[PDB]
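Counting in the authors' numbering, the sequence shown runs from 1 upward without gaps. A virtual CB, placed ideally from N, CA and C, is assigned to each residue, including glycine. As structure tokens, the structure follows; a few thoughts come after it.
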Amino acid sequence: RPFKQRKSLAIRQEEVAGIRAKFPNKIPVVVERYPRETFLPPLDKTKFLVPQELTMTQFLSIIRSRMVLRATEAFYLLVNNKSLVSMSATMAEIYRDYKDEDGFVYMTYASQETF
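Right under this line is the structure:
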């Protein structure tokens, strides 16, 4: 039920190819709730097409705005569910350094997580 389970690699790469053509100024991000989260609500969508200049800090607020319940609680946003990245980085910086082989960049949100 993670996105990478629901769609094959070739299907995901084809989706990014169309996104890159139609939305060339945007960064394609897949944001998913950490599968073990008990507090924060799910979002009402998975794919965000965000400006290149938007910061991680700003993006947090966009993700919060898409939660099905308006929870104000802090949460972490983990790139590949494993990299805590600079919160002043832009979405183009994060895409350049952390995009998946499929062409999306993946982030998981959690209110707590142990590695």
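Spatially closest choice to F75 from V105, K22, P41 and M91, by CA coordinates: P41
Rounded separation between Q52 and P24 - CA only: 10 Å
Cut-off 7 Å between Cβ atoms - residues of its own chain near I94, not counting five sequence neighbours on either side: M56, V79, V85 and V105
CB contact flag (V31, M91, <8 Å): no
Within 8 Å, strictly: CB atoms of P28 and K47: yes
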